[PDB]
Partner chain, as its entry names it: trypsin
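In structure tokens, the next block holds one chain alone, the form deposited without the partner chain.
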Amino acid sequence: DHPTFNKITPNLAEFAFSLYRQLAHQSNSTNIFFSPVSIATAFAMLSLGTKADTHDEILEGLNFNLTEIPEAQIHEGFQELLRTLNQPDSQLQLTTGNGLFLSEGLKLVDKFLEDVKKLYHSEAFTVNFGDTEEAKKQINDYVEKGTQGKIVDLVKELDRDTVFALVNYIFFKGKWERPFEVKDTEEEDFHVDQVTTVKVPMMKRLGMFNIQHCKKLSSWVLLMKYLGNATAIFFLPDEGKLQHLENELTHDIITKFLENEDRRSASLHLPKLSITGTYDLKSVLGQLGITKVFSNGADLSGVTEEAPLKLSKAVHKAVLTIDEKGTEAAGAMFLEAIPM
């Protein structure tokens, strides 16, 4: 109808949730950091030159019910979301882009190319896949331009036969509505594990905060806002209640919280952070039921007639830093495609 992205918004959310869920399942013991939006738009703008069964899995896995939703509309939804994120915020920077990087031989299904520039405002670049160390370069930079040098080495190894790659970033820098005081930031204990305690710098404010505790989610939940059009939500489980929380999470619940601007007096202690996460998503997207593009069954004939292609890598990397003054994060995704 009107700004359309909330047509897709929970579909995103429930994806994030679920992808997340896989990442949890993988190892209880790691820091997880990804960016849903970034992973998603890529597989969205990819879907747009995939046909049949293989198209259907992507969108499927993304948690779109094609029966219920015009595919044509999905793409629209996304066009909007992007658009809007990249709207200029006076106080807060949020920027994303998408690039396609093409072997200069490749003759493209012309419509695929207008599709991606249109709907995903994508950028296109013409490349020699025969200079792997200079292409790999040219790629790494776009991203490292893009995320203001927060991610630099997204592409660690690139294929010798690569036909093209779809690369997509996000960069975010925001400042807390009510930042902390750096004096008050005092090095306190974090119990990682039941045997491991590590010392961390703990930033502290005493004040009037957006916090509560849901018997529901068996946690405390805090929302912290940014000077801008954005907010952070931190979910501190009760003891033993961690997987409990992890499962009970739903977009509804998220939107419920967001309607609250009801504050409470507390003593908040929250660590200062920098963390990364680096993933080869084939596998975990395997789980989410997206498998055909990575195999010999794939159909990227919306892309190019010349030869049957396929995906051979899907690599996400995101990094975050939370300090007193705000947060800055970034994220990037990389898809590579080859002849079968």
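Numbering follows the first chain given and starts at 1.
The same protein also exists as the form deposited with the partner chain bound; that form is not shown, yet it is the one meant from here on.
The partner chain in the bound PDB entry comes within 4.5 Å of no heavy atom belonging to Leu48.
Contact check for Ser301: a heavy atom falls within 4.5 Å of the partner chain in the bound PDB entry. For the chain shown alone, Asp53 is a contact residue for the partner chain in the bound PDB entry, at least one non-hydrogen atom being within 4.5 angstroms. The shortest heavy atom separation between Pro308 and the partner chain in the bound PDB entry is within 4.5 Å. Using a 4.5 Å cut-off on any heavy atom, the residues of 281-295 that reach the partner chain in the bound PDB entry are, in sequence order, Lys292, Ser295.
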